[PDB]
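Following: one structure in structure tokens, then a few remarks.
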Amino acid sequence: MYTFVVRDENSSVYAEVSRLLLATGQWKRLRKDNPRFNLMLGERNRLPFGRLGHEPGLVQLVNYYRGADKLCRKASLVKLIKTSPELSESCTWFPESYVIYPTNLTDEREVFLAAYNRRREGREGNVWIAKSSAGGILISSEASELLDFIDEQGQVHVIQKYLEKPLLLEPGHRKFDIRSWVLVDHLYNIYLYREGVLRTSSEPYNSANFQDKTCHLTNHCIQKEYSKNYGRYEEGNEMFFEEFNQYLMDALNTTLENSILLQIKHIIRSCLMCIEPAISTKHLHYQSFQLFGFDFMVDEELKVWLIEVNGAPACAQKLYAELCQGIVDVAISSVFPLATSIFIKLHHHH
Amino acid sequence: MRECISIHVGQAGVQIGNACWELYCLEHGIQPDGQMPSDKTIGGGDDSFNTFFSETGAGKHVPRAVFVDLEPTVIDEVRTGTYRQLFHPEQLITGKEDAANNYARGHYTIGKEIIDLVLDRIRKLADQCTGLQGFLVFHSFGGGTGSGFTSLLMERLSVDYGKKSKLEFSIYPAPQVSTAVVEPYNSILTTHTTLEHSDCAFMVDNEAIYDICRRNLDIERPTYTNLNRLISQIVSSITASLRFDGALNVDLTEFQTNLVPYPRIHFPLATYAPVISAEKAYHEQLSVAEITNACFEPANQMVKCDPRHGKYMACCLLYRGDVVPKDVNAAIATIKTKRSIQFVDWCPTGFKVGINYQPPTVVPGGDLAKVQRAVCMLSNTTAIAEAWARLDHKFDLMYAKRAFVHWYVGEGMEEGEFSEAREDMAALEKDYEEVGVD
Amino acid sequence: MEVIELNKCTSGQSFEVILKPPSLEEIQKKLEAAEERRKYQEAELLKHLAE
Amino acid sequence: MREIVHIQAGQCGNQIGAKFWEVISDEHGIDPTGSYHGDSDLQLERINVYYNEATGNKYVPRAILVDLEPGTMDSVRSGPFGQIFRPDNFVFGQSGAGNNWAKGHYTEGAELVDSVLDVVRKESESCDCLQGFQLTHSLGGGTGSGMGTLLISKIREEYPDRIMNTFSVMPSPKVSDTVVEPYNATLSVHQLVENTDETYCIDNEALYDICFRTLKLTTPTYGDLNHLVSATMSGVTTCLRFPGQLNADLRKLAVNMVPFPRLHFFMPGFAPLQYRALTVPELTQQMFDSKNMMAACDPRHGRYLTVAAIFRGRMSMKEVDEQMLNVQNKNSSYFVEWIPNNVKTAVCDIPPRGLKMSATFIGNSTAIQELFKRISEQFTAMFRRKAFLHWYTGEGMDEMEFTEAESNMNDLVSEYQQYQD
Ligand SMILES: Nc1nc2c(ncn2[C@@H]2O[C@H](COP(=O)(O)OP(=O)(O)OP(=O)(O)O)[C@@H](O)[C@H]2O)c(=O)[nH]1
Ligand SMILES: Nc1ncnc2c1ncn2[C@@H]1O[C@H](COP(=O)(O)OP(=O)(O)CP(=O)(O)O)[C@@H](O)[C@H]1O
Ligand SMILES: Nc1nc2c(ncn2[C@@H]2O[C@H](COP(=O)(O)OP(=O)(O)O)[C@@H](O)[C@H]2O)c(=O)[nH]1
Ligand SMILES: Cc1cc(C(=O)Nc2ccn(C)n2)on1
Ligand SMILES: Cc1cc(C(=O)Nc2ccn(C)n2)on1
Ligand SMILES: [Ca+2]
Ligand SMILES: [Ca+2]
Ligand SMILES: [Mg+2]
Ligand SMILES: [Mg+2]
Ligand SMILES: [Mg+2]
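Residue numbers (this note's numbering), protein chains in the order written: chain A, 5 to 354; chain B, 9 to 446; chain C, 76 to 126; chain D, 24 to 444.
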């Protein structure tokens with residue numbers, strides 16, 4: 005009888021995993037503080053990694069990788085890419101980004117300003133965006149408004165180049181982002197969930213007005229609140245891979261695999277492979293796995309850009325059942341076996 | 009030459025001390041009857057090994073050690089074991105009833121009755137020391153004597169030997185090789201009262217020593233013999249600088265200078281390699297680069313933690329055998345570009361390297377294979393604070409219900425001393441958090 | 076990769092490699108106060124037994 | 024040299040104490056004449072804990088037989104092993120106790136107790152370092168119950184820093200001698216709460232169930248019930264009588280087993296309970312089973328504060344851990360979570376006589392309150408009508424003392440009640 009605990013009472017994903025475990029009759033759930041567990045579904049913040057793997061006779065597995073926040077924090081990702089050689093500062097698939105601390109508190113203000121001045125000095129597009137992990141986003145083309153917006157906040161803010169030429173879905177002349185659910189098992193095998201979702205914008209894109217952020221931010225919550233065309237084109241502003249792969253063919257004479265998925269798969273490998281020697285639990289006294297939520301941007305040239313990596317992502321309503329079961333099959337049963345894979349293994353060198 | 013006095017308290021301390029002095033005699037060529045054919049200074053001399061061994065006119069080489077326990081069973085083994093001819097009966101001190109895994113019993117009730125006899129026996133060893141460096145205190149955390157009597161002895165040694173260093177070799181409680189439930193209390197109680205009296209403490213988690221025995225030595229269910237035969241290898245690596253010629257860690261003070269920049273954070277993490285099963289007829293000999301890189305695999309740490317999520321304040325590489333500086337520096341570079349070695353800002357990023365040419369000595373008919381080169385890495389990492397977290401947590405689970413508290417209050421200790429010690433451990437964790445986290 | 080303080084002898088050598096520079100009176104009052112609490116504890120155990 | 028002083032009081036106490044000395048004498052290789060004929064040093068390594076060393080290399084049990092009538096100790100002396108006991112350590116009267124706690128505690132027992140303490144004092148004085156005392160007795164009778172607790176009451180006054188443990192046989196209507204057994208047991212329990220470090224609860228009802236159902240014994244006798252008690256007592260003392268990493272003294276065992284001073288009543292269990300070898304998975308699954316326990320309390324109704332398991336014989340300690348873990352995971356919700364690692368395992372190389380391997384269970388469970396609840400209900404059933412009280416008030420007892428014992432028992436049930444939620 006395998007045992008597990010539930011310490012994050014908000015994870016919609018692992019609330020389904022928990023239910024699936026009990027459905028096997030071979031998993032017993034304990035109290036959130038019982039130390040005799042095989043698998044821990046830990047809390048988001050301040051997860052007590054230092055107490056894992058110290059129970060005699062118990063193999064213990066946790067649904068998080070200690071140190072993966074370096075990839076899932078706004079400022080942390082930019083610093084990780086700029087400092088990491090595997091990614092380098094000339095990283096082609098990450099928008100130009102600078103870490104800006106509020107003045108009431110290293111800082112890249114001057115570096116960003118020189119980059120800004122060089123653009124305006126050359127007539128180039130100069131639309132930037134300011135955002136932070138505690139969000140509160142601002143789209144502006146004036147280096148002043150963006151910097152002053154950050155000084156009005158008390159946490160670390162990031163400013164990156166705003167993609168002014170995004171791929172627009174027709175009809176609608178609208179924007180969108182791609183969400184790819186990734187899973188890294190205890191062996192560090194990088195599995196990409198075959199199914200993704202495009203969180204679409206129900207408002208036409210207007211490059212001459214960045215103040216109305218409803219046609220520029222493709223967040224599912226922004227569209228369902230301030231956008232008045234929600235669910236018009238697709239249900240819940242969610243376009244799934246089968247339909248979007250069909251639009252890319254009829255509209256652009258290409259496929260989701262060639263035009264986008266190849267880069268999405270390459271960007272996932274490059275990031276996870278970069279932080280392997282720091283978060284891997286190969287010879288560790290406990291095992292880690294984790295489900296990541298990658299967010300991509302696609303410009304009009306069919307170039308994929310990484311926006312951010314989410315370490316605690318939800319899931320599309322239509323995809324919970326399929327994805328949660330795969331987590332149990334690749335991430336859990338692989339360690340605690342019972343009595344066509346929905347993923348795509350991204351081969352790499354450990 | 010300055011001397012070192014070894015003090016072994018309780019069953020854990022005493023049995024570990026038995027394995028260490030065995031290895032010391034083998035390493036220095038000292039026969040079980042205390043003779044040393046190579047020593048040409050008969051009854052005297054100020055050589056490196058004389059820091060751990062005095063000499064009688066009869067040429068016998070007597071360890072500078074005291075064994076103390078509250079029950080006689082474990083010390084009686086030494087009185088008749090193989091090396092019974094090394095120790096004088098005065099160096100072996102025993103009571104009649106132990107501390108029953110009760111710190112209060114070992115510190116107050118029974119301890120107060122034997123403390124002055126131990127100090128007198130220690131003073132007698134000091135009287136033979138022209139320049140005493142200090143003491144090495146071997147003991148367990150979870151025992152009633154190793155925890156309760158050690159801290160009392162440590163309090164007293166500070167008063168009588170103020171200017172003397174005191175290093176600890178502590179056994180951290182692992183539930184798989186122990187049959188107690190009050191060990192969280194005893195550990196925090198003794199760590200609380202011993203912190204300001206120990207200049208440097210090398211903890212060894214039985215859980216880590218145990219897994220090494222199962223994994224590398226292929227021992228299904230290891231015994232204390234297997235555990236201590238390995239612990240002695242590590243202890244030998246750490247004290248070899250004091251018993252042989254050299255320039256690194258030449259006296260007990262240099263241990264603090266090179267490993268402990270902050271007085272409270274004096275718990276260096278030990279990492280040893282290689283550990284090869286002797287049953288293996290032929291095992292390939294690892295290179296400086298291969299053993300050096302093993303000092304960063306968790307499975308070779310005396311305490312299981314993750315240095316990738318801590319900050320180093322110091323790091324020592326103690327090599328034994330066929331190791332040349334050229335190959336060490338080379339491997340040190342290869343490990344910076346591939347390893348997460350994040351020092352603290354107010355400290356240089358470097359390594360103090362010591363090389364002794366004599367390879368690790370193996371005990372005849374033991375568990376360890378004969379290797380051509382070994383290394384012990386002492387590093388002061390904030391990841392060892394994981395060990396305090398585990399311990400403090402267990403302490404908190406019992407102390408919330410006051411479970412077992414009556415056994416301690418009943419032996420004179422006050423209940424306030426519990427939370428007083430716990431508040432200190434909390435401050436100790438808080439100090440580790442400041443130095444290694446941003 | 077600087078090597079400092081290279082000390083060599085017959086049984087070995089040591090050095091340091093730097094990669095990057097930095098960016099009684101009261102002891103009896105507690106042993107006696109606990110002995111008086113044991114005396115007082117057994118003083119109530121005997122008086123209890125006298126009743 | 025950690026000597027234990029053994030004391031058996033009354034009929035049940037002396038009969039249970041007799042089989043005990045009969046059993047461990049065989050384990051240590053001591054014949055009924057005190058001569059050692061064993062073949063292992065493990066038998067003599069820690070033999071001095073229950074046996075004195077006499078002239079001619081004889082081994083005399085450090086035991087003291089007490090009773091208020093001569094019948095039972097005539098049997099012990101006339102028995103085969105009876106010749107092993109010290110002739111001077113037989114201390115008995117002639118009046119009998121009449122299955123009356125008052126006669127054992129206040130009147131007849133009061134007249135004899137001082138002489139018993141002279142024999143105890145004679146044994147203690149020749150002790151290099153006394154661990155403490157163990158008493159075998161029943162709680163439903165008059166001598167072992169009334170005088171047994173009176174003995175303990177005076178041993179603590181004279182040995183306040185020694186361990187005082189008892190093997191207390193609890194009465195059951197299923198195996199009852201008289202209707203006043205609830206009175207005698209209620210009066211003894213309160214004494215046990217105040218003056219014993221550990222009390223092993225041996226319920227005759229659970230012993231009858233074990234003999235009847237599991238052991239398939241039609242009409243169980245007292246000797247049938249005692250064979251189990253012998254096997255259990257041999258087990259819960261293995262960590263004492265034998266050397267190795269498991270050797271400890273009473274105090275150390277109590278320190279790790281008793282988290283609260285008054286909740287020191289243990290549930291013992293044994294296994295196996297026909298020539299079929301018992302695979303490690305079989306020993307361990309019964310050892311935690313209620314049908315294998317000797318306190319007639321359902322573990323699933325309370326919660327475990329501490330638990331010990333002594334495995335005797337030769338087997339794979341690796342297989343034990345795996346099966347032990349499986350038992351813990353199936354009953355995870357029953358062990359308190361605020362005592363880390365509260366289930367320990369020990370091994371002894373010497374198996375009991377004629378068994379490849381056995382398992383002895385020692386549980387500190389809050390389910391033990393069922394036992395005290397039965398006693399309490401039975402007590403009140405008679406006391407509400409004041410039935411049979413004249414046997415006690417004739418010995419100089421008052422009703423008030425019964426009311427106080429009823430309250431003290433209930434308070435005990437409530438104290439166990441808090442630590443179960
Ligand atoms: N590594 C190692 N650990 C040991 C050894 N002996 C005991 N221990 C550990 O020490 C702890 C028990 O404390 P002891 O040292 O046996 O107790 P003590 O110091 O003699 O004090 P008392 O309670 O009075 O006996 C347990 O956690 C054991 O696992 C040993 O020989 N080697
Ligand atoms: N550099 C950039 N260029 C174009 N659009 C951008 C952008 N940075 C952010 N966006 C827009 O912002 C939205 C996502 O913002 P971001 O992901 O930083 O906030 P967030 O982290 O709170 C959402 P989530 O964490 O759920 O993915 C996307 O829909 C995208 O359209
Ligand atoms: N298990 C067991 N119980 C007994 C034995 N003898 C008596 N009893 C129980 O003890 C109670 C009677 O007490 P008893 O020992 O005869 O009183 P005493 O001799 O005056 O101390 C009854 O509840 C009996 O069931 C015995 O040999 N074995
Ligand atoms: C005589 C005697 C023995 C004990 C006792 O508690 N023994 C224990 C406890 C745990 N184990 C393994 N053995 O009490 N009276
Ligand atoms: C609960 C629980 C049970 C025990 C136990 O039997 N402890 C033993 C047995 C032998 N020694 C030396 N210690 O400790 N905690
Ligand atoms: Ca000071
Ligand atoms: Ca009379
Ligand atoms: Mg947001
Ligand atoms: Mg001991
Ligand atoms: Mg009778």
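Think of the CB as a built atom: it goes at the ideal place given N, C-alpha and C, for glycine as much as any other residue.
| said: Suppose only complete runs of 3+ residues qualify. What are the beta strand (DSSP E) ranges in the region 163-229 of chain A, listed by chain order? | reply: Fully contained in the region 163-229 of chain A are the following beta strand (DSSP E) runs of length 3 or more, in chain order: 178-188, 194-208.
| query | Going along the region 86-117 of chain C in order, which residues come within less than 8 angstroms of chain D, judged by CB to CB distance? | reply | 117
| message | Does residue 27 of chain A pass the burial test, meaning 16 or more other C-beta atoms within 10 Å, or should it be called exposed? | response | exposed
| task | Determine the closest residue to residue 331 of chain B out of C/81, C/78, C/82, C/88, with distance taken between C-alpha atoms. | result | C/88
| field | Ordered list of alpha helix (DSSP H) runs contained in the region 78-135 of chain D, each at least 4 residues | value | 94-101, 124-128
| query | From what residue to what residue does the beta strand (DSSP E) around residue 281 of chain A run? | reply | Unbroken run through residue 281 of chain A is the alpha helix (DSSP H), 280-283; no beta strand (DSSP E).
| request: Pick helix, strand or coil for residue 208 of chain B, following the three-state DSSP scheme. | output: strand
| request: Assign residue 183 of chain B to buried or exposed, taking buried as 16 or more other Cβ atoms, counted over all protein chains shown, within 10 Å of its Cβ. | output: buried
| said: Comparing C-alpha positions only, which one of A/135, A/340, A/260, A/331 sits nearest to residue 159 of chain A? | reply: Of all alpha-carbon atoms in A/135, A/340, A/260, A/331, the one lying nearest the alpha-carbon of residue 159 of chain A is that of A/135.
| task | Any chance you could list the beta strand (DSSP E) runs of at least 3 consecutive residues sitting entirely within the region 213-288 of chain D, in chain order? | result | Along the length of the region 213-288 of chain D, whole beta strand (DSSP E) runs at least 3 residues long occupy 221-226, reported in chain order.
| N-terminal and C-terminal residue of the beta strand (DSSP E) that residue 190 of chain D is part of | 186-193
| message | Looking only at its chain, what residues have a beta carbon closer than 6 angstroms to the beta carbon of residue 316 of chain A, apart from the 5 residues adjacent to it on each side? | response | 48
| For residue 60 of chain A and chain B, any beta-carbon pair shorter than 8 angstroms? | yes
| What residues from the region 274-292 of chain A come within 7 angstroms of chain B, judged by C-beta to C-beta, listed N to C? | 281, 282, 287, 288, 289
| said: If you measure between the beta carbons of residue 361 of chain D and residue 411 of chain B, is that distance less than 8 angstroms? | reply: yes
| CB residue 125 of chain B to CB residue 40 of chain B, shorter than 8 angstroms? | no
| query | What are the partner residues of residue 280 of chain B, as DSSP defines its beta bridges? | reply | B/384
| Would DSSP call residue 336 of chain D helix, strand or coil? | strand
| Closer than 6 angstroms to ligand 4: residues, by C-beta to nearest heavy atom, in chain order | D/157, D/188, D/221, D/259, D/260, D/262, D/263, D/273, D/276, D/280, D/331, D/333, D/369, D/385
| request: Under 8 angstroms between beta-carbons, which chain A residues line up against residue 305 of chain B? List them in chain order, please. | output: 287
| Is it right to say residue 264 of chain A is buried, meaning 16 or more other beta carbons lie within 10 angstroms of its own, or is it exposed? | buried
| said: Under 7 angstroms, CB to CB, which of the residues in the region 339-357 of chain D have a partner in chain A? | reply: 344, 348, 351, 352, 353, 355
| field | For residue 324 of chain D, the first and last residue of its enclosing alpha helix (DSSP H) | value | Careful: residue 324 of chain D lies outside any alpha helix (DSSP H) and carries neither H nor E.
| Same chain, Cβ closer than 7 angstroms to residue 224 of chain D, neighbours up to 5 away in sequence not counted | Excluding sequence neighbours, residue 224 of chain D sits near 191, 193, 288, 289, 290, 318, 391, 394.
| request: Taking only beta-carbon positions, decide if residue 70 of chain A is within less than 8 angstroms of chain B. | output: Output row for residue 70 of chain A: interface = yes.
| Cα-Cα separation between residue 61 of chain D and residue 336 of chain D, rounded to whole angstroms | Taking the straight line joining both Cα atoms gives about 17 angstroms.
| said: Taking 7 angstroms as the limit between beta carbons, can you name the residues of its chain near residue 38 of chain D, skipping five residues before and five after? | reply: 95, 245, 249
| message | Less than 7 angstroms between C-beta atoms, sequence neighbours within five positions excluded: which residues of the same chain meet that for residue 130 of chain A? | response | 120, 123, 124, 145
| request: Measure from the C-beta of residue 222 of chain B to each C-beta in chain A and report whether the shortest distance is under 8 angstroms. | output: no
| request: List the residues of chain B that residue 369 of chain D touches, going by C-beta distances under 8 angstroms, in chain order. | output: 187
| chain A contact for residue 350 of chain B (CB, 8 angstroms cutoff) | no
| said: Can you confirm whether the region 254-268 of chain D touches the region 47-54 of chain D when touching is taken to mean that 3 or more C-beta pairs between the two stretches lie within less than 8 angstroms? | reply: yes
| said: Quick check on the burial criterion: 16 or more other C-beta atoms within 10 angstroms. Buried or exposed for residue 274 of chain B? | reply: By the beta-carbon neighbour count (other beta carbons within 10 angstroms, threshold 16), residue 274 of chain B is buried.
| query | Should residue 191 of chain B be counted as a contact of ligand 1 given a C-beta to heavy atom distance under 7 angstroms? | reply | yes
| request: Below 6 angstroms CB to CB, which residues in the same chain sit around residue 335 of chain B once its five sequence neighbours on both sides are set aside? | output: 296
| said: Would you say residue 312 of chain B lies against chain A (beta-carbon separation less than 8 angstroms)? | reply: It does: the Cβ of residue 312 of chain B has a partner Cβ on chain A nearer than 8 angstroms.
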